């Protein structure tokens, strides 16, 4: 059902995708240790934001590791190329994982924006429903990326409408609550918004590769785009969130955060 199953791969293509996925595992688990160790410098009111980064690192790291092993299970070197065997490889497992990781990425943003109480709960609910609508309609669309490109496009348009509305909610909350943020992080948080807009827009570009580059090099490109996007949207983003959490912690008087920042 997916374009990966259509092609034999050169050794260079096959090895490069394997190395991409494996490097992605290493980066996420390396970053996990960082977020774990610095969580003791985050004030209680923000510490869940850094815990969420830990959860996202393991969740994303496990899906990338599962994809890497599925890639090597599915293909074997036969008659000079990597050819599909009895098991298949597909990107559908990424979509299922996004059902958990996208809410985690959004929730840590809302925590450092200082939303609390009812506004936090209600903003998180609408965001998570919009994200789940995006993910589910995209998952259906990519079931047709070989059989029915028209259908891929239409479900992709519906998914993109949820994406746009979600981003509208996020941006409205950022620009509305910028003013509450401590330690100069009202300037930082706007950069986080732009980082999200850039990095999350790479996923719909990967989703469209079947329409514009249906060949083995398009398969490689899609995994390359996922890799750039994953590291940007989860690791670099989490580092910025953690920086904002620690900076606001210090400005609110949390002594471990003041001492951590002073040490650098």
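Positions refer to the first chain, counted from 1. Only the largest set of C-alpha atoms that superpose within 1.5 Å between the two forms is called the rigid core.
- Looking at 174-182 and 79-87, the one farther from the shown form in 7 other deposited structures of this protein by average CA distance, after a rigid core fit, turns out to be 79-87.
- Farther from the shown form on average, by C-alpha root mean square after a core fit in 7 other deposited structures of this protein, is 88-96, of the stretches 149-157 and 88-96.
- Mean CA temperature factor is higher for 191-199 when stretches 225-233 and 191-199 are set side by side in the entry.
- The deposited model assigns a higher average Cα B-factor to 112-120 than to the other stretch when 95-103 and 112-120 are compared.
- Comparing C-alpha B-factors across 164, 131, 157, 74 in the deposited entry, the largest value falls on 157.
- Of the candidates 84, 150, 136, 78, the deposited coordinates give 150 the top C-alpha B factor.
- Compared with the other modelled residues of the chain, the Cα B-factor recorded for residue 59 ranks in the middle third.
- Residue 65: CA B factor lies in the lowest third for its chain, per the PDB record.
- In this PDB entry, the Cα temperature factor of residue 42 sits in the middle third of its chain's modelled residues.
- Among all modelled residues in this chain, the alpha-carbon of residue 30 has a temperature factor (C-alpha) in the middle third.
- When the modelled residues of the chain are ordered by C-alpha B-factor, residue 205 sits in the lowest third.
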